[PDB]
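Input: a single structure, listed below in structure tokens.
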Ligand SMILES: Nc1ncnc2c1ncn2[C@@H]1O[C@H](COP(=O)(O)OP(=O)(O)NP(=O)(O)O)[C@@H](O)[C@H]1O
């Protein structure tokens, strides 16, 4: 992944969707 | 035997589900909490061939007046879903189970909307919410957005960089923080990692983020978020209610309509020229942290909009 | 350099992509083929903020005239980091779906637009059809054993399909209603329907016009038939309700000789029906795709 920290975690960066 | 006039879709452990149910009680209404996460094991759903034939835990719910849609928990990767052990065990049947649940709950929600239920953020809007399409819908409708490039081609990135200047990169759909596009990132070694998945490059806007809340074509407030850069040992976030020109208000309302949202927390950001570009409209925005740090009431207007549907 | 007027989304290894491309070639339009299976690792797509800034492999492809939308090894990736892999697939899917939504908004006639997925959710699809006055079988989606005991008691002998689709239709027999047998659905929802004793019929619709209808009666002996203009009307109405441009419907007749709509398919196959009943399906489809280019 180019955005390596995509899966690093309760994922909160997707809490508004 | 239950006042399913207002329905909150979400787990009762969701701080915003809690906030909305409490708001609704203070207004005199007892919401029905529809927790899809308990579907196969601890809930009963029966759908007839007629749109009105809907039975949850034995009771008929043909048409709520309004629904507050926090989350349907469709994939095991969502916010409120602790599905780690099940996915580590057998991820194929777990994805199957989540798809099985989702088709039924989406059927319920779509039946409700078809019956006239005012769904505060209907799932259909998902189509319009895909970012690379949302930003273009807005742009071609007259709203300013950042100079963007969603891509997997390093050459496109290099030419976009040479056209724009300072750039940031962030996920296409979401799931990680946006970062400044540094020189290290344009070296072949790691810019060739775009073959694994595309990413979104944008012009680095230097102004301040502003979170505008819109409910039923009316701006509730506009909160400026500032990163307190003064003391580096303890950076704090100062959030302040600010006044936005009526031009900005009408633009935000137009955007909410375009995408197809009733309740939306949209992020905008000003450039060097001090003018706002629309960053993104959220389909189930949060509001608690903003209420607290900015001393504003967002849950109140939401509960009132919901209750106004029952009348 | 290329036409990019008629676009076929799918893999060249697909028989249906092959047929459609052959019919468009034999008709004068060599179509652009968007083989999205190549997307991340091989081919390249770039979107700008302007809806027309769509670049596939360096060539700008804003606004095709028409699109035929047809369509991984990761078990290691799903057991090593499933959250990350699911997010990666969502990044890709998001960009591709964005391409299609942009074209549709630009004016492109996408034959089966992904926006139809909403209306296609089966448990909601049949309610859409019935609540708009169309004949549908008496149906019951449930995980409640008492609900299915009552449904059986009211409608009589009935059948059950998998909720989302994939398996064969089976008959609910008295032995299944026992506590042991019926309790299984406490966590295994299926769809129960009144058992229609007529003959299954597949009907194809394209741009508000029925193409053909085949009774699929031992080996498959599907044979072409002709149906009333009332049922033709009902079928095109159903397809306009669900929001499909090219659909392969399943309808079944009751004991009373009247047909009930069973199910519309987002992108039905035809290579196996057009050979077994000797009618032309791909032909009229290519005719519609080309007709859109005029306007
Ligand atoms: N063009 C830009 N220039 C500078 N900062 C940006 C830009 N676009 C987004 N950001 C930053 O990203 C934040 C907005 O989040 P956004 O990127 O829209 O969603 P996300 O972080 O991808 N995930 P989510 O918040 O769940 O949608 C803002 O606070 C900005 O700091």
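Chains as they are written, first to last, in PDB author numbering: chain E, 1 to 9, 18 to 25; chain A, 3 to 313; chain B, 3 to 73, 83 to 228, 237 to 314.
Here a beta-carbon is modelled for each residue, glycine too, at the ideal position from N, C-alpha and C.
query	result
Contact set between the segment 84-109 of chain B and chain E, restricted to residues whose Cβ is under 7 angstroms from the partner	92, 94, 95, 98 and 99
Any C-beta of chain B under 8 angstroms from that of residue 1 of chain E	yes
DSSP bridge partner residues for residue 223 of chain B (one or two, in chain order)	B:215
Proximity of residue 202 of chain B and residue 182 of chain B at Cβ, strictly below 8 angstroms	no
With 16 other Cβ atoms within 10 Å as the buried cut-off, status of residue 176 of chain B	exposed
Residue 205 of chain A beta carbon near ligand 1 (any heavy atom closer than 7 angstroms)	yes
Exposure label - residue 107 of chain A; buried when at least 16 CB within 10 Å	buried
Alpha helix (DSSP H) runs contained entirely in the segment 93-169 of chain A, provided each spans 4 or more residues	93-117, 128-131, 133-142 and 156-166
Exposed unless 16 or more other CB atoms sit within 10 angstroms - verdict on residue 89 of chain B	buried
C-beta atoms of residue 102 of chain B and residue 137 of chain A nearer than 8 angstroms	no
Pair within 8 angstroms by beta-carbon distance, residue 268 of chain B and residue 213 of chain B	yes
Distance cut-off 7 angstroms: residue 97 of chain B Cβ against heavy atoms of ligand 1	no
Environment of residue 241 of chain A [buried if 16+ CB atoms lie within 10 Å]	buried
Where the alpha helix (DSSP H) containing residue 60 of chain A begins and where it ends	Element bounds for residue 60 of chain A: n/a, residue is neither H nor E.
7 angstroms Cβ shell around residue 96 of chain B - same chain, five flanking residues per side excluded	85, 88 and 89
Rounded separation between residue 254 of chain A and residue 221 of chain A - CA only	8 angstroms
Exposure of residue 61 of chain B, with buried meaning 16 or more beta-carbon neighbours within 10 Å	exposed
Reduced DSSP secondary structure (H/G/I, E/B, other) of residue 173 of chain B	strand
Euclidean distance between Cα positions of residue 278 of chain B and residue 289 of chain B	22 angstroms
Supposed close pair residue 46 of chain B, residue 11 of chain B - CB separation, criterion 8 angstroms	In fact, because the Cβ distance is near 16 angstroms, the residues do not count as touching under 8 angstroms.
CB contact check: residue 127 of chain A to chain E, cutoff 8 angstroms	no
Residue span of the beta strand (DSSP E) that contains residue 45 of chain B, given as start and end	Here residue 45 of chain B belongs to no beta strand (DSSP E), and DSSP marks it neither H nor E.
Chain-ordered residues of the segment 282-295 of chain A with a beta carbon less than 7 angstroms from chain E	284, 285, 286, 287 and 288
Proximity winner among A:232, A:233, A:56 and A:228, relative to residue 239 of chain A (alpha-carbon distances)	A:228
Length of the line joining the Cα atoms of residue 29 of chain B and residue 261 of chain B	30 angstroms
Distance cut-off 7 angstroms: residue 18 of chain E Cβ against heavy atoms of ligand 1	no
Cβ-heavy atom distance, residue 284 of chain A to ligand 1, below 7 angstroms	yes
Nearest-angstrom Cβ-Cβ length linking residue 305 of chain A and residue 22 of chain A, presumed shorter than 8 angstroms	6 angstroms
Near-chain A residues of the segment 42-54 of chain B - C-beta to any C-beta below 9 angstroms	42, 43, 44, 45, 46, 47, 48, 49, 50, 51, 52, 53 and 54
Proximity test, residue 274 of chain A beta-carbon vs ligand 1 heavy atom, cut-off 7 angstroms	no
Other residues of its chain near residue 154 of chain B: CB distance less than 8 angstroms, five sequence neighbours each side excluded	196, 197, 198, 199 and 200
Opposing strand residues paired with residue 71 of chain B [DSSP bridges]	B:11
Neighbour flag for residue 240 of chain B against chain A, beta carbons, 8 angstroms	no
Length of the line joining the Cα atoms of residue 143 of chain B and residue 185 of chain A	59 angstroms
Simplified DSSP assignment, three categories, for residue 76 of chain A	coil
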